[PDB]
Every structure is written in C-alpha cells, then in structure tokens.
Amino acid sequence: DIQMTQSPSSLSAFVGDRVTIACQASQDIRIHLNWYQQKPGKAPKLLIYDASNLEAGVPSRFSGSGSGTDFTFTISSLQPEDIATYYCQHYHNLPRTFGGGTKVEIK
Amino acid sequence: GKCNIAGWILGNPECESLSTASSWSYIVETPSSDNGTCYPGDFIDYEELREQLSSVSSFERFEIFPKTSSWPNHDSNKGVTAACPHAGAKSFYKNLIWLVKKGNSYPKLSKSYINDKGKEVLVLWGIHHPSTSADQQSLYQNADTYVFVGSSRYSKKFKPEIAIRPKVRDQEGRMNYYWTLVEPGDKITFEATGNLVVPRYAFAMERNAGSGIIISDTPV
Amino acid sequence: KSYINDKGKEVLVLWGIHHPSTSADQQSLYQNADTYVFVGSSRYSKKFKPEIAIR
Amino acid sequence: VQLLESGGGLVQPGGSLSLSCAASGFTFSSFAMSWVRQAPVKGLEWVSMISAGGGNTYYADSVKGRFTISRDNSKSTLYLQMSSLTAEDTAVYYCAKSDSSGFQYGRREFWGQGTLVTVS
Amino acid sequence: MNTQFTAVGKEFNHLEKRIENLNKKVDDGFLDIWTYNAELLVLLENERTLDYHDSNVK
Ligand SMILES: *[C@@H]1O[C@H](CO)[C@@H](O[C@@H]2O[C@H](CO)[C@@H](O)[C@H](O)[C@H]2NC(C)=O)[C@H](O)[C@H]1NC(C)=O
C-alpha cells in the first residue's frame, strides 16, 4: 500500500497571508493526486485533480503542483471561506489512500 | 440492440440505454441496427475500428477531458443540433463536445492527455465542415482555421471545407470522425483555432486477438 | 450546378481537374489566380485544389 | 447530480446493518461506485468499490470477508451489507461516483453527504 | 479433422469490391474442396465398409 504523509497537521494564518501545505507519497505516484476541502458538516469537495488541474468552480486562489513523491498545495492569499480540513488522496493503485488531513484556521 | 458500432462508440443519444460490457467475445447487431452516426459525415477507418473492437479482453470508459473544467475559454453548452435530437431536444453525441466561440472569440485551443495507467486508449474526435462562411462566423468566429492532432505514431493537420452540400438529416454541412489508439506511456495532443469537436470520454482497453460480428435477430 | 437522379437507376458521373504547368496558363484558361473545385452527393464530398508545377 | 445515502443508525455489535444509496441526475449504469468511511479518529478511510456492470468488486482488507457490495442498475441503487459489525466500524459513510466504469482509470468527483453508522 | 478458433466473416466498404471478391474467392475454393472431398470420402468409405463386413463373415 502507498500511504500519503501530510504536513503540517494544523495550520493557521491571518486573512490575506499566503498559505501552503505539503504532502508526500511513500512510492512514486507520478501525478495521481486529488486534493480535497472539507468544510465542517460537509462531504469533502474535490478542488484539484491529477495533482495540478484546478476543478471547475474552484477560485484561482487554489493551485497545486509537484510529481513523484513530493506534492504541494496552495490556497494563495487566505480568505475566511477557506476554513476547512484539507486532505491528500491518490489513485496510483489500489487501494486508494488518503492523507491525515490538515486543519486550516483563519485569524 | 438497435445501434451499430459507430452509434455505440460515438454515443448516439439513442444508444444511451445500452449497458457497458467489461469484456465480450463477439459483437451482435441486428439487421435493423440503424442508429449510427446522426450528424452526417465520413467515419474514417470504420471497418478497422469494428475489427479491433470485435473481441475485447477488457474495456472501460473514462472521462478524459472533463466537460466543465477542461475548456474554460470555450462554449461547451451551445454545441447541439437537430440532427441528433433527444426526446425532442437538440442534442449531440454523448462521448463528444462540440466547442464553439465564447462570446465573440475562439482562443487558440491546446490540450493534452498522458496515458500513464497501462491500457491502450481509444480516442475519437471529429471535425466540422460548415456549409457557409456565415456558419463559420457563428460557430468559430475565426474565418481561417485549422485543426491539428498527434501522438508518437500520429500526426495530422486538417483544414475545413466550407461548401453547400445536399441536405442530409437537414444539414447542409458535414462532420467527419477520426480515431487513434494511444499506446500506454504515450501522449495525445490536440490543437485548434476552430472546427474541432473534442473527446469528452475515451476508452481504455485490451484486444482479445479478434473474432467477428454477427448480424442477426436471433436472441441472446 | 446540380442534377437530381429521380429516374431510378444508379448514375455514374465522371469529371476531371486541370493542373496547369504555369501561372501563365492559369491566367489564360481560368483567369482567377486562386481557385478551387468542390464536388458532392449524400455519400461524397471533396474539395480539390490545383497543383501548378512544371512536370 | 445527487447521491443520497439511506439506512444508518445505532446497533449493537454483531449482527448487521444495511446501507443503500440512490442515484439521480446521471446514467448510474455507466459508472463504477464506491463507499468511503469517515472515522472520528482516522479522517478518511475507504471501504469498498464495485464496477459499473457489477462484474467486479474490491474491498479494504479491513472489511474483506465480511462486507458485501452490490448494485442494481435498473433501480439506480447502490447497496452495502455491513455484516459482522464491530465498534471499530463506527463512522460516517459516504457513497461516491468514480467517473469511470473499470476502477483503474477515474476520479471520485462526487460524494453524497453521508449517513452515520454507530455500533455500541 | 482438428480445427482452430477462427472468424470467417470480413467486412469491406464500397471501394473495396475487389477485396471482398477475393475473400469470396477464398471461401468458394475452400467450400468446393471440402464439399467434394467429403462426398468422395463418404462414398468411398461406404463401399469399403461394406466390403470389410463382407470380408469378416467370409
Ligand atoms: C435512430 O433511428 C431511427 C430509425 O431509423 C431514426 O428515425 C428516422 O428519422 C428519419 C429522419 O428524420 C425519418 O425520416 C424516419 O421516418 C425515422 N424513422 C422512424 C421509424 O420513425 C432516428 O432519427 C435515429 N436517431 C438518432 C439520434 O440517430
């Protein structure tokens, strides 16, 4: 199995500050990533697919990049609407596996 | 059922009710399998495609260029026609998107896909040939356009033919269909300044040597 | 021009396209320097372009 | 589109609980479907998946041998038989659309909002 | 008479008449050969069979 490692597990910043998180694979998974945003009380929303393709309806603040075993995610200049737990997911092989989740708080 | 292979693989609206088989030993069409291409044109190398699909060890469909996120600069909703109606509505092939000018422009299009998952991928696309320059201005805006498609084993530049043709299914123009197999590990690209119908869905597969096609009303 | 085959048999139609050796012939025979030819039917459509070259 | 989970609730260990998911807005029979587990401790886990035609399934090792996944395309419905339940299976369960038919190629684009299964 | 897995039918378009006709030529030759040889095999063996039986009782 391929297990994603996500870091930091908790992040905070003030509105307008630049926010980034990182996630690593235990195996080379090319670019087979799906980044998710889980707002409290909701099923997680897919925001970025195939590591860097921004999903429809997701604002330009969001961006992803990386390959192989080291991937990143940015939400650019942080807005209040972005409070969520962000998750790693990859689909290189079976089973599909998730990361631990990074809680992003704003203040 | 009542569909032929072109109908089934392109996504004729009337073939939507068919299930997807993961594998099959042979293909059965009835003598009345009339639902094929609904927007008239030349389906290129149709016989070779029919042979390749005759016996399949594994087959799956996947969305290749997502309808809502792949073309933010092009209109993917106005690409419908009375030639392929669905329940009385104008519609189009289920596995294809006919992109038209957004607002008053058609920005140069450039897209690619990498087949890094291991099966051969079948990609189909088409090209629109308007009957008049008045359609070229309504659908693509750019008066002088081209389409280019390629892979490590394929390269072709296409040019539209604007001409008034006899009406077929009330259309004075035509739309041709093209296809290729992208080997695992390869990349397929598309480029256009207009007149390109882009794949929405593509198939991943493995061929089981080959069988045959039976045309019959004998039940399964 | 057009023709409608409403009498019942299949109709065989042949035609040809001229490819001049020089632009001087294009001006003598067709006048238009930049030309094209198009032919079609419900099962046929082709746009042709002349090739001017000395052969 | 919509995916609506049904079934859930509080049960004692042992026995079973049956979940289902109703699909709407898409040709259900054209897509592979799966279940995702959201535990209070482990953020997101996975349970099982079935191919579009129902021909093949894949299970987490943690539920393999117990759970059964099945579907009926004529009813646009996905089912999960949560047999031999334990305390460790308490989680919010979600159904989702993979946007492919064969497991290997795909994207889990759309999830329902889930249901809660509690074992105690 | 041990055969393998085959697929007999072939499909050609309207500008491939010569190929379809070649395919027919192939099917026809094989058909005439098998039909004729089979008739001769049956007629020959039936006579030999009956002689064999006549031999054993003789
Ligand atoms: C699916 O096949 C049917 C049957 O051939 C098509 O219906 C015919 O459409 C033509 C053109 O409008 C009519 O002249 C015929 O009378 C219709 N036939 C019948 C039995 O009603 C139908 O258009 C095809 N649909 C698609 C999307 O290809």
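Provided above is the structure to which this section pertains.
Residues numbered from 1 in each chain as written, not as in the entry; some residues may be left out. Chains lettered and ligands numbered in written order. Part of a larger assembly, values for the part shown. Heavy atoms only, no water.

## Remarks on the overall build of chain C
Defined as follows: Runs of H or I in DSSP of at least four residues are treated as helices and runs of E of at least two as strands, each being numbered from the N terminus. All radius of gyration figures rest on C-alpha atoms, and the globule criterion is 2.2 Å times the number of residues raised to 0.38.
Counting secondary structure elements, chain C contains 1 helix and 2 strands. Reading chain C from its N end, one meets helices and strands in the order α-β-β. In summary, chain C has a C-alpha radius of gyration of 15 Å against a globular reference of 10 Å for 55 residues, an excess of more than 25%. Along the first, second and third principal axes, the C-alpha atoms of chain C reach 45 × 20 × 15 Å.

## A closer look at unusual backbone geometry
Heads up, the condition is: Think of it in three bands: with a 1.4 Å probe and only protein chains considered, a residue is buried below 20% of the maximum accessible area for its type, exposed above 50%, and partly exposed in between.
A cis amide bond links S7 of chain A with the next residue in sequence, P8 of chain A, at an omega value of 0 degrees. Of note, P8 of chain A is situated in the loop between β1 (5-7) and β2 (10-13). In this chain, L94 of chain A is followed by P95 of chain A through a cis amide linkage whose omega measures -5 degrees. Along the chain, the position of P95 of chain A falls in the loop between β10 (89-90) and β11 (97-98). Residues other than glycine seldom take positive phi values, yet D50 of chain A does so here, at roughly 55 degrees. Examined against the element boundaries, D50 of chain A turns out to sit in the loop between β5 (45-49) and β6 (53-54). Residue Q141 of chain B is not a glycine yet carries a positive backbone phi of 75 degrees. As for its position among the elements, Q141 of chain B is in the loop between α3 (133-139) and β8 (147-151). Exposure remark for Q141 of chain B: the relative accessible area of 24% places this residue in the partly exposed category.

## Section: the state of the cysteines
Where we set the bar: The criterion for a disulfide is a pair of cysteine sulfur atoms lying within 2.5 Å.
Following the criterion strictly, the structure yields 4 disulfides over all chains and no others. Here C23 of chain A pairs with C88 of chain A through a disulfide, and the sulfurs are 2.0 Å apart. Note that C23 of chain A is positioned in strand β3 (residues 18-24) and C88 of chain A in the loop between β9 (84-87) and β10, a separation of 65 residues in sequence. Two residues, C38 of chain B and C84 of chain B, share a disulfide whose sulfurs are 2.0 Å apart. Disulfide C38 of chain B-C84 of chain B: torsion about the S-S bond near 100 degrees, hence right-handed. You can see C38 of chain B sitting in the loop between β1 (27-29) and α2 (46-52) and its partner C84 of chain B sitting in strand β3 (residues 81-86), a full 46 residues away along the chain. Like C38 of chain B, the residue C84 of chain B is buried in the burial classification.

## As for the environment of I48 of chain A
Residues and elements named next belong to chain A. Condition: Between two residues, a contact is recorded if the distance between any of their heavy atoms is within 4.5 Å.
Within the secondary structure, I48 sits in strand β5. Between the alpha carbons of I48 and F73 there is a distance of 8.9 Å; along the sequence they are 25 residues apart. Once you skip the residues sitting within four places of it in the chain, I48 turns out to touch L33, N34, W35, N53, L54, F62, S63, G64 and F73.

## Details of the sheet that holds strand β8 (residues 77-82) of chain D
All names here are of chain D. Here is the rule we go by: Only strands that DSSP links by at least two bridges are regarded as paired with each other. All axes here are fitted lines through C-alpha atoms, helices being fitted over the stretch that makes contact, and every angle between N-to-C directions spans 0 to 180 degrees.
Within the open sheet, the 4 strands sit side by side as β1-β3-β8-β7. Their pairing is antiparallel. Each end of this open sheet is capped by a strand with a single partner; those strands are β1 (2-6) and β7 (68-72). Averaged over all adjacent pairs, the angle separating strand axes in this sheet is 20 degrees, with direction ignored. Bridging between β7 and β8 involves 5 bridges; their strand directions are antiparallel. Residue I69 lies in a different strand from β8, and its bridge partner there is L80.

## Points about the site of the ligand
Residue and element names in this part refer to chain B. For clarity, the cut-off: For this description, a residue counts as near a given molecule or strand if any of its non-hydrogen atoms is within 4 Å of it. Polar contact criterion, stated in full: a pair of N or O atoms within 3.5 Å, where within protein one must be able to donate a hydrogen and the other to accept it, and residues adjacent in sequence count only if both atoms are side-chain atoms. Only the protein chains shown count as cover for residues, with accessible areas throughout obtained via the Shrake-Rupley method and a probe of 1.4 Å. Following the grouping adopted for this structure description, the nonpolar residues are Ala, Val, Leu, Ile, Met, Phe, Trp, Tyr, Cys and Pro, the charged ones are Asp, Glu, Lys and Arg, and the polar ones are all others, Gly among them.
The local shell around the ligand consists of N12, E14, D34, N35, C38 and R169. Residue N12 places a side-chain N or O atom 3.0 Å away from an oxygen atom belonging to the ligand. Within the side chain of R169, one N or O atom sits 3.3 Å away from an oxygen atom of the ligand. Relative to its unbound accessible surface of 600 Å², the ligand loses 38% to contact with the protein. Residues of the shell around the ligand, tallied by class, amount to 1 nonpolar, 2 polar and 3 charged.

## Regarding the nonpolar core
Where we set the bar: Put simply, a nonpolar core is a bunch of buried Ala, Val, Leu, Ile, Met, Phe, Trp, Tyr and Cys residues held in one set by side-chain atoms that sit within 4.5 Å of each other.
Counting residues in hydrophobic clusters, the biggest one holds 56 residues, and the most contacted among them are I9, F43, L53, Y93, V123 and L124 of chain B. The greatest single-element share of this core, amounting to 6 residues, is contributed by strand β7 (residues 120-129) of chain B.

## A look at a negative patch on the surface
All names here are of chain B. Selection rule: To count toward a patch, a residue needs a relative accessible area over 30% and no salt bridge; like charges are then connected within 9 Å, while nonpolar side chains (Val, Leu, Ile, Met, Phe, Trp, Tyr) are connected within 5 Å. Salt-bridge detection follows one rule: a side-chain nitrogen of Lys or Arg within 4 Å of a carboxyl oxygen of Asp or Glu. Neither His nor the chain ends contribute to the count of charged residues, in which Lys and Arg are positive and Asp and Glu negative. Note that the charge is assigned to NZ on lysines, CZ on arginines, CG on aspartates and CD on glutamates.
Where like charges cluster on the molecular surface, the negative patch consists of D42, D45, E48 and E51. Among the structural elements, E48 can be located in helix α2. By relative accessible area, which is 53% here, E48 ends up exposed.

## Digging into a nonpolar patch on the surface
A grouping of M1, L22, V26, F30, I33 and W34 of chain E is seen on the molecular surface, where their side chains present a nonpolar patch of about 690 Å² in accessible area. Within the secondary structure, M1 of chain E is located in the segment before α1 (17-57).

## Quick look at the side chain of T35 of chain C
Looking at the secondary structure, you find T35 of chain C in the loop between α1 (23-29) and β1 (37-41). The class of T35 of chain C is buried, set by a relative accessible area of 18%.

## Some thoughts on the environment of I5 of chain B
Residues and elements named next belong to chain B. Mapped onto the elements of the fold, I5 is located in helix α1 (residues 5-10). You can call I5 buried: its relative accessible area is 1%. Along the primary structure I5 and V28 are separated by 23 residues, whereas in three dimensions their C-alpha atoms are 9.6 Å apart. Every residue in contact with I5, bar those within four places of it in the chain, is listed here: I27, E29, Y46, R50, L53 and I213.

Everything listed is a geometric property; what it means functionally is a separate question.
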